[PDB]
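Okay, here we've got a single chain as structure tokens, the form deposited in one PDB entry, with questions on binding and movement later.
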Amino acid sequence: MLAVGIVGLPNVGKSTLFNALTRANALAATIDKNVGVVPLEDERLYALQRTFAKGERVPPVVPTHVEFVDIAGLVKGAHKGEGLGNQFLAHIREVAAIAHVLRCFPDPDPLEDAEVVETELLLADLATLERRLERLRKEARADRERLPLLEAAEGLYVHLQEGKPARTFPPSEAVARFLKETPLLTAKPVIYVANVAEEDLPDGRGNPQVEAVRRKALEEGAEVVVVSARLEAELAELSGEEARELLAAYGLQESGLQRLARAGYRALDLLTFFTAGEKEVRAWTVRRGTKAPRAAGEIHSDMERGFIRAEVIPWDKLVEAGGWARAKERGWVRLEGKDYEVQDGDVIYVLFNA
């Protein structure tokens, strides 16, 4: 489960935020109070829908989503008291990226929370290397091919000592294998979510705090996404066309959550590929780099182990052509093998065995 962990200290709105996210899921077709999914909007999905509308009846479209998790909620829930700090770190370790909610409008310091949560991860990570190096600094004098990771491990270790996060360490073949071998919380991507007075939407310009943030975020390698748990509390209920308006109202073309959900998507370096027919259109998600059969994996598993090949064509072409058959006459549906690297937008039909 690639998922974004929302985390935030009290009275910042983290509660309204996650709450709508659920509320939306909620106003929709077992209450996992701390787990929610923001459906992603994908225009391509409808273009594909027309292309297979046989008449005026059309087929259903299923979008893909981004999973969001409430770190604390999850930590509370189960039952400890001892080492709440560690249970936190245990989950924060289980998610691909961290979405920290920062408040940027007084109510009845966001840069400071930004520092608390970071410094914690920074400390935890330090133990993680101090301890890895003990072992790895020694493995290194027996086996030489473990020597490139020492460098990496060393460099990384000084870096954190300087307050600096893993995520901002210069990439190298070396490093990368090291991080996979020893996952560092500060290596995960960070999305500083700025909660603002909705009179500040779309990006709360000329609002020093939300501007303060933008400047930390740049020093920390985090992206920034602005929103109003509040507006996000309203939109929660309005109907698409009615949310359409309210969004129109403050003139935003995307819900604050959506904003965050794609920022999520980027952070997890994710990408899309759909299956499209007369009976259904659908967006599937995979991490860039995934190969044609692991992709078939998602839809179903018999598809990956029985994978013979995949017919593939970009959603635009398939659309420009009117359907499968014609796309083939235009000679545009490629036949791809076991190691074809699925591409964003790609449309796939898999020829598998059993």
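We call the rigid core the largest set of C-alpha positions that still match within 1.5 Å between the two forms. We number the residues from 1 along the sequence you see.
Counting the deposited residues that fall between residue 108 and residue 109 and carry no coordinates gives a value of 4 to 9.
Per the record, residue 29 and residue 30 are separated by 4 to 9 deposited residues that are missing from the model. Taking the PDB entry as given, 240-248 carries the higher mean Cα B factor of the two stretches 240-248 and 83-91.
As the entry records it, the average C-alpha temperature factor is higher for 32-40, out of 287-295 and 32-40. Of the residues listed, 207, 255, 186, 275, the entry assigns the biggest Cα temperature factor to 207.
Comparing the listed residues 96, 129, 121, 140, the entry records the largest Cα B-factor for 140.
Compared with the other modelled residues of the chain, the Cα B-factor recorded for residue 264 ranks in the lowest third. Per the deposited record, the Cα B-factor of residue 220 falls in the middle third when ranked against the other modelled residues of its chain.
Among the modelled residues of its chain, residue 350 has a C-alpha B-factor that falls in the middle third according to the deposited record.
Ranked against the other modelled residues of its chain, the C-alpha B-factor of residue 302 as given in the entry falls in the highest third. Annotation for residue 144: C-alpha temperature factor in the highest third relative to the rest of the modelled chain, per the entry.
One more form of this protein, deposited in another entry, exists but is not displayed; see below.
For the residue set 131, 141, 266, 215, core-aligned C-alpha shifts between this form and the one not shown reach 2 angstroms or more at a single site, 141. A movement of the C-alpha atom of residue 73 reaching 2 angstroms or beyond is seen between this form and the one not shown when the two forms are aligned on their rigid core. The two forms, fitted on the rigid core, differ between this form and the one not shown by 2 Å or more at the CA of residue 83.
Residue 12 shows a C-alpha shift below 2 Å between this form and the one not shown [criterion: core-superposed Cα displacement of 2 Å].
Legend note: Cα of residue 14 to Cα of residue 77 is at least 3 Å farther in the other form than in the depicted form. Compared with the form shown here, the Cα atoms of residue 256 and residue 77 sit 3 Å or more farther apart in the other form.
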